[PDB]
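>
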Amino acid sequence: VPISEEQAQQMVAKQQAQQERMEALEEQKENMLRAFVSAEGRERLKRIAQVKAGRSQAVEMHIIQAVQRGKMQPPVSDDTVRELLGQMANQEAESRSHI
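Taking the numbering used here, the leading residue of the sequence shown gets 6, the next gets one more, and so forth.
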């Protein structure tokens, strides 16, 4: 009674358009990192994501914005990943020191 057959046909679409768009960005991200970051450096990031997801995620954000703008040379070495994971950890603590 309250909502049309067509209008309900639209909200299942809208809602399934979004589960698509979600999946397409999770895939775009996975591709962007395959291309940008080395294999060793990509394991390391997922290995650390388990313990400190937020940390590993702060690097992935940075590597992507950085490579996309030509500020970093892909593919990014495990050595540079390890370096970045320390720098964020370190700055996480320097925030939490209230400084």
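No residue lacks a Cβ here, since even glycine has one placed at the ideal position from N, Cα and C.
Kindly give me the distance between the Cβ atoms of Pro-79 and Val-72, rounded to whole angstroms, as I take these residues to be in contact under 8 Å.
On the sequence shown, position 74 is the one that residue 79 refers to. On the sequence shown, position 67 is the one that residue 72 refers to. That belief holds up - the Cβ atoms of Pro-79 and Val-72 are roughly 5 Å apart, short of 8 Å.
> Could you say if the segment 7–19 and the segment 50–63 meet the contact criterion of at least three C-beta pairs nearer than 8 Å?
No contact exists between the segment 7–19 and the segment 50–63.
> Between which residues of its own chain and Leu-38 is the CB-CB distance below 7 Å, once the five residues before and five after are set aside?
Locating residue 38 in the sequence shown gives position 33, where the first residue counts as 1. Closer than 7 Å at the Cβ level, and outside the excluded window around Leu-38, lie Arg-47 and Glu-65.
> Counting C-beta neighbours from all protein chains within 10 Å, is the total for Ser-61 16 or more, i.e. buried, or is it exposed?
As a working mapping, residue 61 is identified with position 56 in the sequence shown. Counting Cβ neighbours within 10 Å, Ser-61 comes out buried, since at least 16 surround it.
> Mind checking who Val-81 pairs with in its DSSP beta bridge?
Locating residue 81 in the sequence shown gives position 76, where the first residue counts as 1. Per DSSP, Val-42.
> Tell me, to the nearest whole angstrom, how far the beta carbon of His-67 is from that of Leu-89; I am working on the premise that it is less than 8 Å.
As a working note, residue 67 is residue 62 in the sequence shown. As a working note, residue 89 is residue 84 in the sequence shown. With a Cβ gap of about 7 Å, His-67 and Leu-89 count as contacting.
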